[PDB]
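The structure under discussion appears below in the form of C-alpha cells.
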Amino acid sequence: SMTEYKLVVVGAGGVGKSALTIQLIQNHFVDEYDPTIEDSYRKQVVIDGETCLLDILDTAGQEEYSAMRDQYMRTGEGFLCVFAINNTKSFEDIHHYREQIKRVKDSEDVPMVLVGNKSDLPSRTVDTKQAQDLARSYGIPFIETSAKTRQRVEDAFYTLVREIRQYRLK
Ligand SMILES: Nc1nc2c(ncn2[C@@H]2O[C@H](COP(=O)(O)OP(=O)(O)O)[C@@H](O)[C@H]2O)c(=O)[nH]1
Ligand SMILES: O=S(=O)(Nc1nc2c(O)ccc(Cl)c2s1)c1ccc(O)cc1
Ligand SMILES: [Mg+2]
C-alpha cells in the first residue's frame, strides 16, 4: 500500500532547489551547495492518509538544449518551479521553465507548484501579490518557503503531490 510520485525541482541557479530538497530529506540547511550536482532523493511520507513514495530530482543545469532535461521532464510527474523572492530575474525565468515543460508534455495539464523561496530574507523584490497573480494565471498553487527556517518546505512538496493525485483523476 504505497503510491509513487516523481517530482522535479526546477528554477534558476541559486534560488534554493538543493537547499529545499536537502531540507525536506535530511532536515538541515546547506549554506553552499555545488550548483552542478544533480541527484535524486526518495522518501516515504503520509499525505492525506496515503503512504507516498516521493522520488525527487534536484536539477542542476537549466539549459534549453539538453537531452537529459528533456528526458527528466518526460519522466517527471510534477514540477516545483522555484524562484527567490529577492531575485526578480528568477521570477521572470519561471515563464520559460513552464513553457519548456508544457512543450515536452504536449499538454496544459501539468502538475506544478510555484514556490517563492528565501522568504526569510527581508529585502523582497517580488511582491507576493504579483506571484499570486502569476500563479492564478497558470491555475497553480503558490507557496512561499524558507529552506533556511524550513517554513512551508514539506507543504510545498506535499502540495505538489496533491496536484498530481488530482490530475490523475482527470
Ligand atoms: N536565506 C536563505 N538562503 C537560501 C535559501 N535557500 C537557499 N539559500 C541559499 O542560496 C544559495 C543557493 O542555494 P542552492 O540550494 O544551492 O540553489 P540551487 O542552485 O537552486 O540549487 C545558497 O547559499 C543557499 O544557502 C533560503 O530559503 N533562505
Ligand atoms: O532520467 S534519469 O536517468 N533518472 C531519473 N531519475 C529520476 C528520479 O529519481 C526522480 C524523478 C525523475 Cl523525473 C527522475 S529522471 C536521470 C536524470 C538526471 C540525471 O542527472 C541522471 C539521470
Ligand atoms: Mg543545486
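Each chain of the C-alpha cells is named A, B, ... in the order shown, its residues numbered from 1; ligands are numbered from 1 in display order.
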
Can I get the residues of chain A within 10 Å of ligand 3, each with the closest pair of atoms and their distance in Å to one decimal, using only C-alpha atoms and all ligand atoms, sorted chain first then ascending number, as JSON lines?
{"residue": "A:9", "atom": "CA", "partner": "ligand 3", "partner_atom_place_in_ligand_line": "1 (Mg)", "distance": 9.4}
{"residue": "A:10", "atom": "CA", "partner": "ligand 3", "partner_atom_place_in_ligand_line": "1 (Mg)", "distance": 9.4}
{"residue": "A:11", "atom": "CA", "partner": "ligand 3", "partner_atom_place_in_ligand_line": "1 (Mg)", "distance": 9.4}
{"residue": "A:12", "atom": "CA", "partner": "ligand 3", "partner_atom_place_in_ligand_line": "1 (Mg)", "distance": 9.3}
{"residue": "A:13", "atom": "CA", "partner": "ligand 3", "partner_atom_place_in_ligand_line": "1 (Mg)", "distance": 7.0}
{"residue": "A:14", "atom": "CA", "partner": "ligand 3", "partner_atom_place_in_ligand_line": "1 (Mg)", "distance": 7.0}
{"residue": "A:15", "atom": "CA", "partner": "ligand 3", "partner_atom_place_in_ligand_line": "1 (Mg)", "distance": 8.3}
{"residue": "A:16", "atom": "CA", "partner": "ligand 3", "partner_atom_place_in_ligand_line": "1 (Mg)", "distance": 6.7}
{"residue": "A:17", "atom": "CA", "partner": "ligand 3", "partner_atom_place_in_ligand_line": "1 (Mg)", "distance": 5.3}
{"residue": "A:18", "atom": "CA", "partner": "ligand 3", "partner_atom_place_in_ligand_line": "1 (Mg)", "distance": 4.1}
{"residue": "A:19", "atom": "CA", "partner": "ligand 3", "partner_atom_place_in_ligand_line": "1 (Mg)", "distance": 7.2}
{"residue": "A:20", "atom": "CA", "partner": "ligand 3", "partner_atom_place_in_ligand_line": "1 (Mg)", "distance": 9.2}
{"residue": "A:21", "atom": "CA", "partner": "ligand 3", "partner_atom_place_in_ligand_line": "1 (Mg)", "distance": 9.0}
{"residue": "A:22", "atom": "CA", "partner": "ligand 3", "partner_atom_place_in_ligand_line": "1 (Mg)", "distance": 9.7}
{"residue": "A:32", "atom": "CA", "partner": "ligand 3", "partner_atom_place_in_ligand_line": "1 (Mg)", "distance": 9.1}
{"residue": "A:33", "atom": "CA", "partner": "ligand 3", "partner_atom_place_in_ligand_line": "1 (Mg)", "distance": 6.2}
{"residue": "A:34", "atom": "CA", "partner": "ligand 3", "partner_atom_place_in_ligand_line": "1 (Mg)", "distance": 6.3}
{"residue": "A:35", "atom": "CA", "partner": "ligand 3", "partner_atom_place_in_ligand_line": "1 (Mg)", "distance": 4.3}
{"residue": "A:36", "atom": "CA", "partner": "ligand 3", "partner_atom_place_in_ligand_line": "1 (Mg)", "distance": 6.4}
{"residue": "A:37", "atom": "CA", "partner": "ligand 3", "partner_atom_place_in_ligand_line": "1 (Mg)", "distance": 6.1}
{"residue": "A:38", "atom": "CA", "partner": "ligand 3", "partner_atom_place_in_ligand_line": "1 (Mg)", "distance": 6.9}
{"residue": "A:39", "atom": "CA", "partner": "ligand 3", "partner_atom_place_in_ligand_line": "1 (Mg)", "distance": 9.1}
{"residue": "A:58", "atom": "CA", "partner": "ligand 3", "partner_atom_place_in_ligand_line": "1 (Mg)", "distance": 6.7}
{"residue": "A:59", "atom": "CA", "partner": "ligand 3", "partner_atom_place_in_ligand_line": "1 (Mg)", "distance": 6.6}
{"residue": "A:60", "atom": "CA", "partner": "ligand 3", "partner_atom_place_in_ligand_line": "1 (Mg)", "distance": 5.2}
{"residue": "A:61", "atom": "CA", "partner": "ligand 3", "partner_atom_place_in_ligand_line": "1 (Mg)", "distance": 8.5}

Near residue 155 (chain A), within 10 Å and counting only C-alpha atoms, which residues show up once chain neighbours fewer than 4 positions away are dropped, as a list in words?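 Result of the neighbour search: residues 24, 143, 144, 145, 150, 151, 159, 160 and 161 of chain A.
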
Strand (DSSP E) call set, DSSP backbone run, region 32-113 of chain A, as a ChimeraX atom specification: /A:39-47,50-58,78-84,112-113

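Neighbouring residues of region 110-117 of chain A at 8 Å or closer, counting only C-alpha atoms and skipping chain neighbours under 6 positions away, are residues 15, 16, 77, 78, 79, 80, 81, 82, 83, 84, 85, 101, 102, 131, 135, 140, 141, 142, 143, 144, 145, 146, 147, 156, 159, 160, 163, 164 and 167 of chain A.
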
Residue nearest ligand 2 among A:51, A:75, A:149, A:3 (counting only C-alpha atoms and all ligand atoms): A:75

For ligand 2, which of A:27, A:45, A:74, A:96 is the closest residue, counting only C-alpha atoms and all ligand atoms?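 For ligand 2, the nearest of the given residues is A:74.
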
Write out as an MDAnalysis selection string the set of residues from region 3-170 of chain A that DSSP, computed on the backbone, places in alpha helix (DSSP H). chainID A and resid 17:26 67:75 88:105 128:138 153:168

Between A:29, A:54, A:65, A:76, which residue has the minimum interatomic distance to ligand 2, considering only C-alpha atoms and all ligand atoms? A:76

Do you know which residues are within 6 Å of ligand 2 using only C-alpha atoms and all ligand atoms? Can you write them as a PyMOL selection string? chain A and resi 6-8+38+40+55-57+68+71-73+75-76

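Each of A:153, A:46, A:53, A:121 was checked against ligand 1 using only C-alpha atoms and all ligand atoms; the smallest atom-to-atom distance is that of A:121.
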
For ligand 1, which residue out of A:134, A:94, A:169, A:30 is the nearest one, using only C-alpha atoms and all ligand atoms? A:30

Counting only C-alpha atoms and all ligand atoms, the option among A:152, A:165, A:170, A:136 closest to ligand 1: A:152
